[PDB]
Structures are given as structure tokens and as C-alpha cells.
Amino acid sequence: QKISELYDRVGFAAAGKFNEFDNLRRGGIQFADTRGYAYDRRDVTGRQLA
Amino acid sequence: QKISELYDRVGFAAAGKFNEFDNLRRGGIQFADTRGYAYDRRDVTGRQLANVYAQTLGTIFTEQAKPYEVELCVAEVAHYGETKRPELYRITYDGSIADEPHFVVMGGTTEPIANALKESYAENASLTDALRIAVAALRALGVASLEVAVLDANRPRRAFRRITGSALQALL
Amino acid sequence: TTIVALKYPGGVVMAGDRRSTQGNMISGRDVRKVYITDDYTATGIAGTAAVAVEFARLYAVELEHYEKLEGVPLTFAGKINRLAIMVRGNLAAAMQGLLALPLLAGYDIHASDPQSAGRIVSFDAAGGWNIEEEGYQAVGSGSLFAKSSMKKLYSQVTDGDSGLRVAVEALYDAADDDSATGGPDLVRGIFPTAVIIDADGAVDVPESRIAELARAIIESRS
Amino acid sequence: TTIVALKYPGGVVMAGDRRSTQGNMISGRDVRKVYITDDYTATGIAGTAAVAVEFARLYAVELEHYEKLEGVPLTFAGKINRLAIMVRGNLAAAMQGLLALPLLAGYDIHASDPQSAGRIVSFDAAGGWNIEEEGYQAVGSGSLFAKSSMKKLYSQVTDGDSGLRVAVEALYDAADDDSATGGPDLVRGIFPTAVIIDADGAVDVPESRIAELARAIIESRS
Amino acid sequence: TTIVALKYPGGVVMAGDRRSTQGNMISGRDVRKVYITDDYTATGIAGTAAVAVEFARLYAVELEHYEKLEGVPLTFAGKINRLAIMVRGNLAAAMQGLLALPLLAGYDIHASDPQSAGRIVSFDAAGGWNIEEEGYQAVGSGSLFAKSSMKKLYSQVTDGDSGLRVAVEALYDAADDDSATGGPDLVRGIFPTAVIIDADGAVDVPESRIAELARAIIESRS
Amino acid sequence: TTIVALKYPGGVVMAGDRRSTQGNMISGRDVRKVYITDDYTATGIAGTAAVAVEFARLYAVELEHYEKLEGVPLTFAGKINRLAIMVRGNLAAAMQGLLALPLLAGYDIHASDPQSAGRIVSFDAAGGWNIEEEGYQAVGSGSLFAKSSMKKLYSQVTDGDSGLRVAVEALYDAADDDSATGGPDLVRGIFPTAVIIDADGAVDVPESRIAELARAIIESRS
Amino acid sequence: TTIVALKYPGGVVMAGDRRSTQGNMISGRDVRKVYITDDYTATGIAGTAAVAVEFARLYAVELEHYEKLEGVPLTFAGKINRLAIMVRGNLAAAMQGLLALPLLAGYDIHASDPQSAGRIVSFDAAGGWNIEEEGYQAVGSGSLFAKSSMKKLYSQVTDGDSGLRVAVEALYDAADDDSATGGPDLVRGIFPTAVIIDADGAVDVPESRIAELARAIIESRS
Amino acid sequence: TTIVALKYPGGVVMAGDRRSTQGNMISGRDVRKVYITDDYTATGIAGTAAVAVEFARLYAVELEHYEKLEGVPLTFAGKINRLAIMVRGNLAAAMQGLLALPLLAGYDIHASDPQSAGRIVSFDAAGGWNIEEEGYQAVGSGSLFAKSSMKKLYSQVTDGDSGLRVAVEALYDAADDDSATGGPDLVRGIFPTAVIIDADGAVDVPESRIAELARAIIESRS
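Chains as they are written, first to last, in UniProt numbering: chain A, 51 to 100; chain B, 51 to 190, 203 to 234; chain C, 58 to 279; chain D, 58 to 279; chain E, 58 to 279; chain F, 58 to 279; chain G, 58 to 279; chain H, 58 to 279.
What follows is the structure, given as C-alpha cells:
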């Protein structure tokens, strides 16, 4: 797949080499969860992730 | 050997340099057991394993000296008492992964075997017919020097099962 | 504290009282002890309030995290395991006094018979767990009175609503015989909280229904 | 020590006494225990004086730091969380005697109804927090007398000024029944400190207003 | 051990189990724990077996001794007092582990209404006593389960026989949830012992009646 | 708890009771304590329930893991060794109270004589092991009563079925003289669990057979 | 040490081993632990050797003293009581390590049925006593093995001689499984001692009979 | 436990009993305590069974490992040293109770006189060692009785067989005066184990020879 949920209201699409864009997908998922746990869900924004 | 059990319903075949493909075999066995212990047996899938090899291969090639002259095929069947189509994935030396609906051919000259299979393949062929088709397309041989195994979907837990010796001779 | 959970044909119900104390002193009149950790599991936690709310929060996060990574929820078995590992992790602090015990109610979508897909699971301080099969469970200081009440009242459970009434009554008897468990406060209008899980997921029982059941019980005893 | 906080229609008020002791010995006659941590929150801290002033300072720094990095203040929920994490961090030293408990008053700009956007939050030594909903809170050695005073006086609270008078009176009764809490010193002219937060932010009540209220109370009791 | 006692219209009934343990080891399968201390009082004793049998014996001796000297039995109040003084006397040894708690059932001949002349009295380790007025009492390791059973079953008590059946059932549930209390042994034919007191004095229930009641309960639960 | 194991001509049998306690309180009426770790070995574990189930699970994983890597199961000697090393590893926690002792039954396919290829192995808390050669073994709180029963009953063992009956009887006497071991519950229909290993592998005895044997014993003793 | 006692139709038999140890060291190969305290009672004592021999001596003196003063022996009940009071008197020293436990066998001449006038009585360290009614008893470090042996062998007891053989065998199994109990020494010719009591009083079994029984058992086991 | 070793003209002999206890309880009737660590050394180990078997195994491994790497066995001096270093390494655990003491018998092929190339070496818990020169040694709970027996019997030693008989007798006296040491079991046919080392290496004495010697001793003492 090339389209993915990142956080509650933040989505993600990519084009290129699957293993790499897929890897970024995972890294992005990772950052949001930890950030939300530390502060809160409504604090993670599409801007910070971008 | 070039065919191996990986997990309950996940099998593995390879072609290339034995020490390397053999090494991947071991790495794959390793990952599944730990994952199962942490979560459970039915959580390890052929897909996750197919993915791990590709990423590892790509990173390894980029940072290592010589690329692994290997070609991998990860196979998965459904569990006991469930219906689902067999899944075949082919992982190439660079990290590329391809989803195959019917058959995978690895190593040597793949064109003639792939074409012979293209004409002879039949879905829901029995074990004997699929063996005849596979040996025939492979010839494009003798009872000796053949490594044959199945992922028998009917087994309760461990699906992988080798077919060797006299029984194999009788079948062929 | 006291949290009861009971299966009924076709689902599971889980209710908890509202009091929180420090010694003999009543410190919280409206704590919520039963959370909806996911679309098919609710979790009650008895014990130290901090450790309790933290457990609930973190477990919900972990269930949903694996769900987002793998594209499919864990089986009920995996969920049981992760909760057990958390509980086992708090053991050192539980010996120091920060003990928190969870009671986990879920509805297995993968079970064979829908009428008995309900699931109740209980844990000790050492992380071991047990799948309850006599139809009900409870945790907290009032748990013994609640269980001894449900043992007698349980033949009356035939659906979602009767099961809910039995839950509320069991809580009423827990509170009636133990001072650390709060009963329905008719003056301030604070009633136990309840969660119902069936084939369609987990929903919070709206307060009015619990209010009516509690008033029916209270008038029955007068 | 004693720090009271109470909501009034449209805002919140927070007042604290001035004494600081060592055993039976009166060591500080003019300590300020209520800080304006930001444009919409004030923080009182009871307990060890060092740990208290440090908490207040560091928390203010952290709120404002995130505000400068992200270009927007945290929600009231995030603020509550960070304060709670600090408090939980001091737990080891609190068992060794260096305990400091904060009471956090804020005005939520994002709340739906402005007349009830006031917020009072209380913490224990273990970092757990509770959003007060009976309209008032207090902390310190005189807290019980202060709360029992406000329970009776609270129906008189109708605006910012009446709420301020009720705060000062509650402090007066705390001091009246506990020796570690200082009352209004008419001789030296030292009165409790107060902070008012409403839609327009947080401002310190100027001393004269507190002086007049205190003199009114003192003459009422004679 | 577990000894229940309940009033019924016109009398009192008192029943006790038969097991005696040392740790996890079952050492006595037929101990008798309920004595007829006199024509209108029976006494059960839970706790250390030696101290128990001694209490019962000595108390019976003292009641009858005063009766022979003065030509008239003590009032129920005097009996209560003497038992209490004995219990208070064993307190030093009870702290050393030799604790024995008595439950005293009697039928007051001097009471005004014969239908409520039944009497149940409970003691703590410190000699204080309490006249039970909710209709039933129990003592021993299974006492909580027995009381929680009788609370529900007690509306069925209407005469001597129904009261006896309720007693036996309460014992059955005590044993069902506690391992130190023995249930009816159908193999060896050993059943709880029971004493009935009414206007005509105290008589031991003959074993056959208890056997039939126990078999009825056991078949009801299958 | 009590787990017996005995060799019979041509195989081995291993049975275990079902109770699990906390102090005097019966907490589990249907625990399974005997696992089939592999096609030729079953493992019983007495002691702390958590540590027990964990041992069994992890050992099964390790046996099968080496089998998958090397393409051939370990010899019975290697299996004995790995189990011993696990047990030795839990020693620190066993001194802290989390003790778990395994009894390992296996059928050696490589032994010379098939009629005596059965194997019983016992372990202490310090990881030392011993190959039993008097034909039977047991572990748990009832082990002494079980062994003293099998010493007399063992001349009756002549095949798989007689060996099974002797196992069930030994369990019955363990439970008869110890309260921590549960006997056959005729009311709820819960019977000991049993595993039989012979030349063809390990199979669980289906419940009906154990039910009939237990009823035969119980009627024999009446 | 180990002392068994069993009733047979028409009488009672009481046998005891001969070893006395200090730690692992065998210090006495021919101690006599069973005394004839009077014409109808024999007394065995396990435990500290000094306290044991003293108990036996003093008790015999007291029985006979009352007999000389009153012209008639006490009833079996009185004897039981005096022995119990002695045992209760040694309790302070038994906590200090000087524990001695007696097992009392007697033949009641006043009983109604001569065939069941045999009597066995057991005591604990706290002076409480119990009249055994399952036909046999034992005391000492080997008592559990001896009782578990007699439970199986007891259906063979039909007269004085078969009862004697069963006694000797029970001792043999005690010694077989415990190292503090001596078995028949064939080399030095030292065998257990035995006393038989029936309608005609108490007599010591002459050594030859015990020698033959022991040799029969030993050849049976080879 | 007890392990004796004595030189005879032309060789060395080393024998050990078979019992293993836990407290007063006989737990193993056929343990082998004397190993052939290599073609010219045998090692006995007294003490904790686990630590003992482990020592023996690991030491044998190390001797043979150096032999494979260097193509020549260590001298008897090097062997002594390595064993000593192992023993010194277990010292921390020996203070905690896991003590194991080795007695090492060897035949030096490099010695000058073949008739006195026998070697006996004893160790303490602290790793120090001593080359025995009065002709014999022993270790274990019975060691003192064994040595005091060999001091008198040693003038009879003239060859391999007489030396073997003296060894067996010394063991017999150890067992005769200590209860932790097992003697020849004539009933089960279990006899001490023995190893003989001379110019041709180390061989186990076959059981029949030890059986005959033991029967000769036993008949001599009757």
C-alpha cells in the first residue's frame, strides 16, 4: 500500500521505492505516538510531521 | 538442502550461494520464534517474514562488500479448518519483492521452466499432477537428486513435510 | 473499591462504584474506574489510583498501536498476554504498596458461538491470569460481598438488561457491607458506571438507566 | 501554610497566607506563595519552601518554553499533565521529607461556557490529580479549616469581589484555628496575597483591597 | 471452623461443623463444637481446641454452681456477664495465639413475648459482647460466608424446622468457600451437630434429621 | 498440588489434580498442571502457578526450537539437562518464595528394550536431577501420601490401563489426607488430568475414562 | 522414634522401636519406650528422652497413689485427664525444646461391650487429647509412615496375634522410610518392644515372638 | 557420605558409599560418588550433590581439553593445581552452604619407584591441598570413623585385593557409627563402588567382587 493513516487526522501518501517510503511511513507512525503520549493527541499536527 | 520450514505454515526456498541463502534461512527462523513467543504463533505471517528479508537485503547490500547472490521464495498457506489461497512471494537480491499468484521459479535459466509451467499449470491440481508438471517443467529428471517438500494445508499445526525415498519413487 | 463483571447470553457487562478514600476519609465522590480500552474490551482497575489510571491509559495505547502497525487487532489471547505482562511489571512497586489489579472484560468476535463469546479475565499481583468460567467476577475491597451476592442472583440473568440490574445490585451489597465502597448517592445523584459489550462493540450505559435500576433496588429494600 | 482557590461566575481567585516556620519558630512574615505561572494560570505550592519555589519557577519556564517553540500555549489538559509529572518526580524526595504539593488555578479560554471556564486542580504527593467540581479547594496545614469555612460561606459568592472576600475569610479561619498559618498582621500591615484570573488574564490583587477586606472581617468578629 | 446461630419464631437454633485442622492437615473429622451448657443456653466456641473445650466445661460448671448455691438460675444478663469475664480473662493468652471466641444462644424464660424470647450474643477477644438483633450470627473462619448466606436465606425461616434447614445450608456454603470448614461427609456419614432451644429447654437434634436435610441440599445443588 | 508418574510395561503415565489455593481459600477448581511438552515427553510442575506455567511453556519452546534448527530432537539426556538448567536458573526466586519443581516423564525411543524405555526424572530446587528407578514418582504437597500409596498398589500395574487406575487411586489418597489437593468432584464433574506416553507418542487421556476410574474407586471405598 | 498402637477384637496392642539419636549419631540401640503404667494401661512417650522417662514414672506413681488412697482405680476418663494435665504442665519446657508426647493405650473394664473395650488416646503439646476411633494411632518422627502403613494393613487384624504382626510391620515401614527410627537389628538381636492388654491385664510380649514376626516380615520383603 | 582412598604396593584404591540424604530422610540408595576423571586419576567428592557432580564433570573436561591441545597430559602436579583452583573458586558458595570437598587419587607414571607411584591428595574448602603420606585418606561425615578404622587395619594391606578389602571394611565402620553413611544393603543388593588404579590405568571394580568382600565382613562380625 502507498496510502496510510499517520495519526487521528493526519494521512500520508508516497511514491517511489516501496521499502524506503514504507520505512518513512513507519518512522512517522513512531514519532506521533510517543509525542502524543508525552503531551496529547490534539498536539500532533500535520505540520510537525511534515 | 534448499527448502526449509520457517514457521507453522510458512515455508522457504532459495537459489544461489549456499552459505548465504542458508544464512538467511537461519535469520528467518530466528525472527519468527522470538516474535511468536512475544505475541503468538498465529501472529507470524508469510508477509511479515517476506518483508524482513527484503529490507535486510537492501541495507546489507548497500553497506556490505559483495551482494548476496541469492533469490528467495517465501510461501504461506492457511491454517487448519480455514479457507484461503496460498501466497507466494519472491524476494530478489536487491530487496525487491513480488507477489505471485500461481508459481515461482528461481535460479538458473528461468525462462523455459517458467513457460512450460505457464502451459501445464492447473489450479487445484492434485499432489501427483502438480509433481509431474513441476518435474516436467523443471527438465526444460532421475529419481535421485531431487528435493521435494510440501506445505500441506491439511496438517493440524506444522504444515511443512518432506517427500523423500520410496514414497516419492512410487508417486513418480 | 469494587468492580463487578458478568456475562449474559450474547454479551458482557462491567460496572464499578465511584468512591476513593484515604484512610477513613472520603476523598472522591465521582471517580470513574471502568474504561473502554477498545471496541471490544473494557478494563476495570482496583487499587492505587495513580497506578490504576496509568495502567488503563498505557494498555489502551498499546492495543491501538499494534492495531495501527499490523492492520488487525490482536486476538483476545494476545490482549490477555500484554495486560498480564504490564501487571507483572508493576510487581516490585506493588510490594512497596502501589498495587493495582485489573479485571478485563471482552467480547471475542472470533469465538465460535456468539451467545458465549463473552470473556472475563482476572489477574493477581504476580501477573498470572485466569479465564473465569462460572459466569462472573469482581475485584476490590468489596469483591467478596459482590461475588457472594452474584452467586445467588445470577440465575436471574437472561439478557443485557437483567444482567445490568444484577450488576448494580451486587455493587449495592458490596457497599452495604463495606465502607470503602460507595453506594448510589441519591442526594448528589451519583451512580455506578457501567459498560456493555456485545456483538456491536462497547458502549457506556447512559446514567439515567443506572439511576432507575438503583432507585428500584433501594425501594425494594425499604 | 494554607492556600485557597475558588471559582466564581466568570473567573477564579487564588489566595495564600504569608507565614513560614521552622518548628514553633516564626521565620518569615512576608513569603509569597502564589505565583502567576502564565497569563491564564496561577500556582500555589504548600510544603518545603525550597522545593516549592523551585517547582513554581521551573514549571513557568516549561510552559513558556513550549509556547515559544510551537507558537501556541498547551491546552489546560497538557499543563495539568506537565505539573503532574513534575510532582511525581519529586516523590522520592517527598518521602525523605522534602514534600511540596501544588494547587493549580486556571481559566480555560477554549471552554464552551465562559461563565464556567474556571478551573481548579489538586495534586497528591504521588502525582495523581483531580479536577475539583464542588467549587473550591485548599492546600496546607490549615486546609481543613479553610474548606470547612468555604463550604458554608460559598453561597455568598456571586462575582469577583464577593469571591475575593470569601477567600480572605477562609484564610482568616484557617489562621484562627492553626498556628502555622499567619493571619492579617494589622501592626506590620502584611496581608494575604491574591491573584484573580478571568477572561482577560491573571492580575495580582493590589494590597489595599485585601487590607480593606481583612479589616472588615476583623471588625465583624469583634 | 464455623458455628451459626439463628432465631426462629419461638426459639433458637445453633449448629456447628466437625473438622479440626493443623495447618493444611485435616486432624479431626468428628469434633463436637456446640455444647448444652444448661437447660436454656447452648455455647459454641471457635478457635484453639484446648481453650475452647475448657471454656465450655468451666462455664457450665459455674452456671450450675451458682444455681445450686442460690436456688435459682442467673438471669440471661448475669450469664452473659460471666461468659464475658471468662473471655476477658483469656485475653493475654489470646495475644500469644491461644484465642477462643464464644457464641452464646439462649432462650429467656423471663422475656415478655415468648415468640421473641430467643437470644443470640457474640463476643470479641477483649470480652466485650453484643446482643444480636438482625436475627442470626456466626463465628469462625467461615463466618463471613455463613452470614452472607443467611442474609439471603433468612426470609425462609418460619419455624423450628425451616430454621434448622437454613442453618445447615449456611454451614454448607461456609464449607463450600473455605477449606478449614468441613462439609457433610456422605462417605463416612458425619454431619454437622445442632442444638435447638425453645420454651421446653435445649435438646440435641438427632443425627438422622441433619442427615436428611444435608442430602436434600446436596441434591438441590447438583 | 500433587502430580504422580509411573512406568508400566511399555510406557509411562502421568496424572495431576486440579485445585489451586491461596492459603485456606480454594481459588481454582480446574487448573491443568500436566503439559505435553513434546511427542515423547510430558512435564508436570508443582509450586507457584505463574512460574509453573511459564516453565512449561518456555521449555516446550526450547525443545522444539533446537529440533527445528538441527533437524533432530535432542536425546533424552539433553532434554533432562536443559530442564535442569532452567530449574537451576529459578533458584534465586525460589528462595524468595517463587519455587517451582518439575517432574519429567518421557519415552526414550533410542532405548534398547522397548518394554523399559519409560523414563521418570525428578528435580530439586537446586537443579540437581535424579533418574527414578523404583518405578514411580510424585511431587507436591500430597507427594508423600501418593508415594506411600503407590508403593503398595504398584504390584497391580501390568499395562497401560491398570497403570492409569493406580495413578488415579494414588491421587485419591493424596487428596484424602491433604487439603491442598483436590479429589474428584462428582458434583461439578471435574477429574484429574492424565497423559499417556508409549511407543506411539503422547496422548491426553479423554475425560470419560478418568471419570469411570474415579467412580469405581469411590464406590470401592464406600 | 515411633510408637504404634492398635485395637483388635478383644484387646489393644502397643509397640515401639529401640533407637535414640543425637543429631545424625545413633546413641542408644536398646531403649525401652513403652511402659506398663498399670494393670490396664500402657504408655508410650516420644520426644526428649529425659522428659519421657520422667513422665512415664510420675504418671504411674500418681495412678497407683490415688488407687491406694481411695481403694479403687480411677475410671479411664480420670486417667486420661491426669495424663493430659501433666502434658499441659510441660508446655513451657516443650517450647524451649524439651517436648514429650504420650500415646496412651488402655483396656476399659467398665465398658459395655468387651470386644470393643480397647482404648487409644493421643495428645498434643498443649494437653488436648483425642479418643481415636479409626482403630490405630502412632507418635514420633516415623508416625506418618506407620499410620499410612496401618491404614492398608488393618483389615488383616482379627485377633491378638494378627494385630501384633501388623504392629511390627508398621514399625518396619516407619524405620524403612525414616532414619531416626531403628528397625529389627538381626545382627545384635534387638527387636521392637510390645505390650498386649486384654481382659486379663497388661503383659509384655516375650522377645522370641517379636523375633519370629520380624524375621517373617524381612523374608517376605526379600 | 564417606569416601576412602588408600595406597597399596603398586597402586591406589578408592571407594565410596551410596546413600544421599535430606535431613533425616534417605533420598538416594544408589548414588555413585567416585568418578574416573582420567586414565590415571579418580576423584571422589563429598558434600552438596549438585556441586559435587558438576566439579567432577568439569574437571574431567579440563584435564582432557589440555591433553588434546598440547598432546600430552599434565603432570600430577598440574592436575593437583587445577583441582585446587576449582575448589578455591567454589569458596563463596561453600560459605553459603553449597560446600563440596574433593579427594583425588592418582597413579603417577613419571614417579621414580613404581611400587610407590600411588598418590592421594586432600583438599579443604579454601583450596589448599596436602599430599597424604601416612598411606590413606577419607572425606565426608564418616571420615573420622573410617580413618580410625584404617589406622588399625592398614598393616594388613599387601596388594590390590587386600587393599580393596580394607577399603570396604573402613566404609562398613563409617556406616556402622554414622547414620548419613549407607552400609551394604543385602536386601536390595547395593554395595559401595570402587576404583582401582595401577600401572595399567584406572578400572572400576565389578560389583560381584565388592559383594563377596562385604558378605565376608558381615559374616565375620556376626
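Note that beta-carbon positions come from the ideal geometry of N, C-alpha and C, so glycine has one too.
Helix, strand or coil at A:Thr84 according to DSSP, with G and I counted as helix: Your numbering for residue 84 of chain A matches position 34 in the first sequence. Reduced to three states, the DSSP call for A:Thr84 is helix.
message: What are the residues in the region 205 to 224 of chain C lying within 9 Å of chain A by C-beta distance?
response: none
Any C-beta of chain B under 7 Å from that of C:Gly135: Here residue 135 of chain C corresponds to residue number 78 of the third sequence, with the count starting at 1. Yes, contact with chain B.
- prompt: Any idea if B:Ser207 is buried or exposed, counting beta-carbon neighbours within 10 angstroms, 16 or more meaning buried?
  reply: Residue numbering aside, residue 207 of chain B sits at position 145 when the second sequence is read from its first letter. So B:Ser207 counts as exposed.
message: Which complete alpha helix (DSSP H) runs does the region 139 to 173 of chain E hold, if anything under 4 residues is left out?
response: 148 to 152
- prompt: Does any heavy atom of the ligand SAM sit closer than 6 Å to the C-beta of H:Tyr123?
  reply: Although the ligand SAM was asked about, the structure shown includes no ligands whatsoever.
- request: Scan the region 60 to 115 of chain F and note each continuous beta strand (DSSP E) run of 3 residues or more that stays entirely inside, going in chain order.
  value: 60 to 65, 68 to 73, 77 to 79, 82 to 85, 91 to 95, 98 to 104
message: Please state the DSSP three-state secondary structure of B:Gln51.
response: By 1-based counting over the second sequence, the position of residue 51 of chain B is 1. DSSP places B:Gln51 in coil when its eight states are reduced to three.
- request: Spell out the partners DSSP gives F:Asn187 in its beta bridges.
  value: Numbered from its first residue, the sixth sequence carries residue 187 of chain F at position 130. Answer is F:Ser179.
- prompt: Buried or exposed: where does G:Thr58 fall if 16 or more other Cβ atoms within 10 Å of its Cβ makes it buried?
  reply: Within the seventh sequence, numbered from 1, the residue matching residue 58 of chain G stands at position 1. Classification for G:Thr58: buried.
CB contact flag (H:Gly199, H:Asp235, <7 Å): As a working note, residue 199 of chain H is residue 142 in the eighth sequence. As a working note, residue 235 of chain H is residue 178 in the eighth sequence. Yes, they are a contact pair.
- prompt: Apart from the five residues just before and just after C:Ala168, which ones in its own chain have a Cβ nearer than 7 Å to its Cβ?
  reply: Locating residue 168 of chain C in the third sequence gives position 111, counting from the first residue. The residues are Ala174.
query: In terms of DSSP beta bridges, what is F:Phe133 paired with?
result: For this step, residue 133 of chain F is matched to residue 76 along the sixth sequence. Answer by DSSP bridge pairing: none, since F:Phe133 is not bridged.
- request: Kindly indicate if chain C contains any beta-carbon less than 7 Å away from that of F:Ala117.
  value: Taking the first residue of the sixth sequence as position 1, residue 117 of chain F is located at position 60. By this cut-off, F:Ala117 is not an interface position.
- request: Answer with yes or no whether the minimum CB distance from F:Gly185 to chain H is below 7 Å.
  value: In the sixth sequence, the residue the question calls residue 185 of chain F occupies position 128. With 7 Å as the cut-off, F:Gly185 counts as an interface residue toward chain H.
message: Using a Cβ-Cβ cutoff of 8 Å, what residues of the region 250 to 261 of chain H are near chain G? List them in chain order.
response: none
- request: Less than 8 Å between the CB atoms is what I'm expecting for C:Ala273 and C:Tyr193, so what's the real figure, rounded?
  value: As a working note, residue 273 of chain C is residue 216 in the third sequence. As a working note, residue 193 of chain C is residue 136 in the third sequence. Wrong, their Cβ atoms sit about 20 Å apart, outside the cutoff.
- prompt: Comparing the C-beta of B:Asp83 with each C-beta of chain F, is any distance below 7 Å?
  reply: Start at 1 with the first residue of the second sequence, and residue 83 of chain B comes out as number 33. Cβ-Cβ to chain F under 7 Å: yes for B:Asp83.
query: Within 7 Å (strictly less), CB to CB, does C:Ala107 reach chain D?
result: As a position in the third sequence, residue 107 of chain C is number 50, starting the count at 1. Chain D contact via Cβ: present.
task: Output the residue ranges of the alpha helix (DSSP H) runs that lie fully inside the region 223 to 278 of chain G and measure 4 residues or longer, sorted by chain position.
output: 264 to 278
query: What residue from H:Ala150, H:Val178, H:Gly197, H:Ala107 has the CA that sits closest to H:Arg139's CA?
result: Taking the eighth sequence and counting its residues from 1, the one referred to as residue 139 of chain H is at position 82. Nearest C-alpha to H:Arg139: H:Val178.
task: Please report the Cβ distance between H:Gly73 and H:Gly101, rounded to the nearest whole angstrom; I am assuming they are in contact, meaning their Cβ atoms lie under 8 Å.
output: On the eighth sequence, residue 73 of chain H is found 16 positions in, with the first residue counted as 1. On the eighth sequence, residue 101 of chain H is found 44 positions in, with the first residue counted as 1. With a Cβ gap of about 5 Å, H:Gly73 and H:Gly101 count as contacting.
field: Residues near C:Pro130 in its chain [Cβ-Cβ closer than 6 Å; skip 5 each side]
entry: As a working note, residue 130 of chain C is residue 73 in the third sequence. Taken in chain order, the residues that qualify are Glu124.
field: CB contact below 7 Å: C:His122 versus chain A
entry: The count along the third sequence starts at 1 and reaches residue 122 of chain C at position 65. Output row for C:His122: interface = yes.
- request: Pair every Cβ in the region 223 to 231 of chain B with every Cβ in the region 220 to 234 of chain C, then say whether three or more of these pairs are closer than 8 Å.
  value: no
Cβ-based contacts, 8 Å cut-off: residues of the region 67 to 84 of chain G near chain H: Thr78, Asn81, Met82, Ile83
- request: Spell out the partners DSSP gives G:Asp218 in its beta bridges.
  value: Here the question's residue 218 of chain G lines up with position 161 in the seventh sequence. Paired residue(s): none; G:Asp218 is not in a bridge.
Alpha carbon of G:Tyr229 to alpha carbon of G:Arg114, nearest angstrom: On the seventh sequence, position 172 is the one that residue 229 of chain G refers to. On the seventh sequence, position 57 is the one that residue 114 of chain G refers to. If you take the alpha carbons of G:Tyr229 and G:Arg114, they lie about 28 Å apart.
query: A:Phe71 by DSSP, collapsed to three states: which one?
result: Counted from its first residue, the first sequence places residue 71 of chain A at position 21. The answer is helix: DSSP assigns A:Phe71 an H, G or I state.
C-alpha distance - F:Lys136 paired with F:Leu120, whole-angstrom precision: By one-based count along the sixth sequence, residue 136 of chain F stands at place 79. By one-based count along the sixth sequence, residue 120 of chain F stands at place 63. If you take the alpha carbons of F:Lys136 and F:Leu120, they lie about 7 Å apart.
query: Thinking C-beta only, is B:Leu107 closer than 7 Å to B:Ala125?
result: One-based indexing of the second sequence puts residue 125 of chain B at position 75. One-based indexing of the second sequence puts residue 107 of chain B at position 57. No, these two residues do not count as a Cβ contact at 7 Å.
message: For a contact defined as C-beta to C-beta under 7 Å, what are the partners of A:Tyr57 on chain D?
response: Taking the first residue of the first sequence as position 1, residue 57 of chain A is located at position 7. Simply none; closest approach about 16 Å.
Interface partners of B:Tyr87 on chain F, CB under 9 Å: Your numbering for residue 87 of chain B matches position 37 in the second sequence. Simply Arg114, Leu115, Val118.
- prompt: How is B:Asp149 classed by DSSP in three states: helix, strand or coil?
  reply: Here residue 149 of chain B corresponds to residue number 99 of the second sequence, with the count starting at 1. Three-state DSSP puts B:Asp149 in a strand.
field: Enclosing alpha helix (DSSP H) for B:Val102 [first to last residue]
entry: Sequence index remark: in the second sequence, residue 102 of chain B carries index 52 (1-based). 96 to 113 is the span of the alpha helix (DSSP H), which, as asked, contains B:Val102.
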